[PDB]
Amino acid sequence: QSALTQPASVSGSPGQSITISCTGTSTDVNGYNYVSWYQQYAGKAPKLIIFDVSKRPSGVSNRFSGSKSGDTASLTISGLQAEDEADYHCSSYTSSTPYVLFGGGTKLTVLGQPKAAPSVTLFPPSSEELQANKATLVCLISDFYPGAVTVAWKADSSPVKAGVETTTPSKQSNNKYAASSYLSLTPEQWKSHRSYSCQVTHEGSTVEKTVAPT
Amino acid sequence: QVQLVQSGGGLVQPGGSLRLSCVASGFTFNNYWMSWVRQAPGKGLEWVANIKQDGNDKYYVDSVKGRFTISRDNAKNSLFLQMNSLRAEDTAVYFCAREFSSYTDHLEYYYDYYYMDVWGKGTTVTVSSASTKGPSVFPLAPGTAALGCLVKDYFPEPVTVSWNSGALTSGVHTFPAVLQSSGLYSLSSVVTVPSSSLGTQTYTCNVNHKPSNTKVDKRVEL
Amino acid sequence: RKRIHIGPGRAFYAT
């Protein structure tokens, strides 16, 4: 019946303008104006940047503006700067408990560097782990940008979703990203197939690696 | 300047409890409503509870009514939150914030809206049924070559990894750990080396897991 | 004079 909806993420290049929408805010005349936006840098606390649909606390750049039409609230950032990169959350009123909601948050990325395809290294289960009656395939993904990827595993040539654990991406020292995925199997499963595969998709292109029982 | 600093966070098991504190400074504490907002790993914000300036009127989100109890002490600029019957889903960073009044009066009527303008840095709350446990270190056997160590099923964080007792630092990449469905962590550390040295040079990853006072030096052979 | 009070956890209009 209620839930604010904002895109998980958005991108833009320096100098451009960008907009994040947030559907589901109140259309009740008495609560229409209760809308806000908060900015949050990785590891830091949130910061109010827009309240009452379009007001700015002193100190907040006039590059950040807010508007609303219908139940959809919208935040707009002009002349994007590298420091605008953060998470943005919309907040709004709702006629029932808890009365004040928050969206899921939108991750804004400012494309500051060139695209970079991921490097993939896949390791098979170690004989020591197998001899311990277990098996783990390790897929190490690195040096990619933007920091977003999706991983898919295959037993021979068929999809396999059971026993898959994949981390969220995280920034490296060189400022590109890394992530890793683990596939758990039984020693018997491992030896049963011709081979397994780890497929990484990034910006519409994929890099797949394969390993087989030696 | 205005500031808010919370504390009291920690690691507990389901059903356990914690008491969060928040100390204000730089503003007339007893003039504002105070709130507690949380954020689960990788997710958005969620208001948890607040208290009126006179400490009587208290509000909570439905999922914590009965388990959480908010209170304040205007005498010491402090806000508190007693958390009982903690659950895994209660895992998050907890922030205490100040609610400020945005007053807009149009005579026949007026709007009195409250938003959070001051936030603390947050304190971490982790609720897990996992128990302290050392890791199992498996070797990842190997122009150049890649080799490493799989540090499997340990709890809780963190663990440190090094190679050849520090002598190998270049071409080393220790990956952030993955939290598994089992509640236990795992990570992998990999290094790229010359393929010709594989025959002579010995490689050993030095793994340390202080939470369980466990160290493991695993030799990675060809 | 309609009074509208909206904030986290509470919403109402005092006469």
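Heavy atoms only: backbone and side chains are in, while hydrogens, waters and symmetry mates are out. Sequence lines set the chain letters: A, B, ... in the order given, protein chains first and strands last, and positions in each chain run from 1.
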For the pair [X] (side chain) and [Y] (backbone), establish whether a donor and an acceptor sit closer than 3.5 Å, ignoring hydrogens and angles.
{"X": "A:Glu165", "Y": "B:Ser181", "answer": "yes"}
{"X": "A:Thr186", "Y": "A:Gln189", "answer": "yes"}
{"X": "B:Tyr109", "Y": "A:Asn30", "answer": "no"}
{"X": "A:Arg56", "Y": "A:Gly66", "answer": "no"}
{"X": "B:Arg38", "Y": "B:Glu46", "answer": "no"}
{"X": "B:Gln13", "Y": "B:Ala130", "answer": "yes"}
{"X": "A:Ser205", "Y": "A:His202", "answer": "no"}
{"X": "A:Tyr38", "Y": "A:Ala45", "answer": "no"}
{"X": "A:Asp84", "Y": "A:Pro14", "answer": "no"}
{"X": "C:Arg1", "Y": "B:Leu107", "answer": "yes"}

Table please: side-chain donor-acceptor pairs of residues 92-107 of chain A below 3.5 Å, with sequence neighbours left out.
unit_1, atom_1, unit_2, atom_2, d
A:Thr106, OG1, A:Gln6, NE2, 3.0
A:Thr106, OG1, A:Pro7, O, 2.7

Between [atom1] of [X] and [atom2] of [Y], what distance do you get to the nearest 0.5 Å?
{"X": "B:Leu79", "Y": "B:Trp33", "atom1": "CG", "atom2": "CH2", "value": "13.0 Å"}
{"X": "B:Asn208", "Y": "B:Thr160", "atom1": "CG", "atom2": "OG1", "value": "4.5 Å"}
{"X": "A:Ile77", "Y": "A:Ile20", "atom1": "CD1", "atom2": "CD1", "value": "5.5 Å"}
{"X": "A:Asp71", "Y": "A:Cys22", "atom1": "CG", "atom2": "SG", "value": "9.0 Å"}
{"X": "A:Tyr196", "Y": "A:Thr210", "atom1": "OH", "atom2": "OG1", "value": "12.5 Å"}
{"X": "B:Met83", "Y": "B:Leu20", "atom1": "CE", "atom2": "CG", "value": "3.0 Å"}

Please walk me through it: do B:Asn77 and B:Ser25 pass side chain to side chain donor-acceptor pair (under 3.5 Å)?
-> CA-CA 7 Å; B:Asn77 290 316; B:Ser25 65; over 6 Å; no
Which of parallel (below 30°), tilted (30 to 60°) and perpendicular (above 60°) describes B:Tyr115 and A:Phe51?
->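 B:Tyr115 vs A:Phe51 ring planes: tilted.
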B:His173 and B:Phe175 aromatic ring geometry - parallel, tilted or perpendicular at 30°/60° bounds =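 B:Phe175 vs B:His173 ring planes: parallel.
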B:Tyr110 atom OH, over 12 foreign heavy atoms within 6.0 Å =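 It does: B:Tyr110 OH has more than 12 such atoms within range.
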Check whether more than 12 heavy atoms from other residues, nucleotides or ligands sit under 6.0 Å from atom NZ of A:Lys134, and answer yes or no.
->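 No, because the 6.0 Å sphere around NZ of A:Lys134 holds 12 heavy atoms or fewer from other groups.
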Taking the six-membered ring for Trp, are C:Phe12 and C:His5 ring centroids under 6.0 Å apart?
->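 So the answer is yes for these two rings.
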For the ring pair B:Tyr32 and B:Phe100, is the centre-to-centre distance below 6.0 Å?
->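 When the ring centroids of B:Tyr32 and B:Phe100 are compared, they turn out to be at least 6.0 Å apart.
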Shortest non-hydrogen contact from [X] toward [Y]:
{"X": "B:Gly122", "Y": "B:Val93", "answer": "CA-CG1, 3.9 Å"}
{"X": "B:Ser189", "Y": "B:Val172", "answer": "OG-CG1, 4.4 Å"}
{"X": "B:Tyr60", "Y": "B:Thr69", "answer": "OH-CA, 3.6 Å"}
{"X": "B:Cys205", "Y": "B:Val137", "answer": "SG-CG1, 3.8 Å"}
{"X": "B:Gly55", "Y": "B:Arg72", "answer": "CA-CG, 4.2 Å"}
{"X": "A:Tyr41", "Y": "A:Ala86", "answer": "CD2-CB, 3.6 Å"}

For [X] and [Y], test the side chains for any donor-to-acceptor distance below 3.5 angstrom and give the result as yes or no.
{"X": "B:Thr91", "Y": "B:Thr126", "result": "no"}
{"X": "A:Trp153", "Y": "A:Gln199", "result": "no"}
{"X": "B:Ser85", "Y": "B:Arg87", "result": "no"}
{"X": "A:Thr72", "Y": "A:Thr23", "result": "no"}
{"X": "B:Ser136", "Y": "B:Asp153", "result": "no"}
{"X": "B:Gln82", "Y": "B:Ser71", "result": "no"}
{"X": "A:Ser142", "Y": "A:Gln172", "result": "no"}

I would like to know whether A:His89 and A:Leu4 meet side-chain contact (heavy atoms from CB on, under 4.5 Å); could you show each step before the answer?
-> CA-CA 10 Å; A:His89 316 277; A:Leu4 311 182; over 6 Å; no
Does the side chain of [Y] come within less than 4.5 Å of [X]'s, by heavy atoms?
{"X": "B:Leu4", "Y": "B:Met34", "result": "yes"}
{"X": "B:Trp119", "Y": "B:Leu45", "result": "yes"}
{"X": "A:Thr25", "Y": "A:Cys90", "result": "no"}
{"X": "B:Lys121", "Y": "B:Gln6", "result": "yes"}
{"X": "B:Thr104", "Y": "B:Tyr113", "result": "no"}
{"X": "B:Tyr185", "Y": "B:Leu187", "result": "no"}
{"X": "A:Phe123", "Y": "B:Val190", "result": "yes"}
{"X": "A:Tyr182", "Y": "B:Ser188", "result": "yes"}

So, [X] and [Y], do they make that salt bridge, N to O below 4.0 Å?
{"X": "A:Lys55", "Y": "A:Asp52", "result": "yes"}
{"X": "B:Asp62", "Y": "B:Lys65", "result": "yes"}
{"X": "C:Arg10", "Y": "B:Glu99", "result": "yes"}

Quick one: do A:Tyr34 and A:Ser26 satisfy side-chain contact (heavy atoms from CB on, under 4.5 Å)? Show the steps, please.
-> CA-CA 8 Å; A:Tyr34 188 95; A:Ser26 182; over 6 Å; no
Audit row: A:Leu48, A:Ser36, side-chain contact (heavy atoms from CB on, under 4.5 Å) steps and yes/no | CA-CA 8 Å; A:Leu48 184 65; A:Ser36 58; 4.0 Å; yes
Can you list every pair that meets disulfide bond (SG atoms under 2.5 Å apart) and has a residue in residues 14-123 of chain B, with sequence neighbours left out?
->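 The answer is B:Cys22-B:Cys96.
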Residues A:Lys176, A:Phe144; criterion side-chain contact (heavy atoms from CB on, under 4.5 Å); working and verdict = CA-CA 5 Å; A:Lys176 287 184 181 175; A:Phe144 56 96; over 6 Å; no
Would B:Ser17 and B:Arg19 count as a side chain to side chain donor-acceptor pair (under 3.5 Å) if you check the C-alpha gap in whole Å, the side-chain angles of each, and the deciding distance to 0.1 Å?
-> CA-CA 7 Å; B:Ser17 84; B:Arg19 219 278 283 102; over 6 Å; no
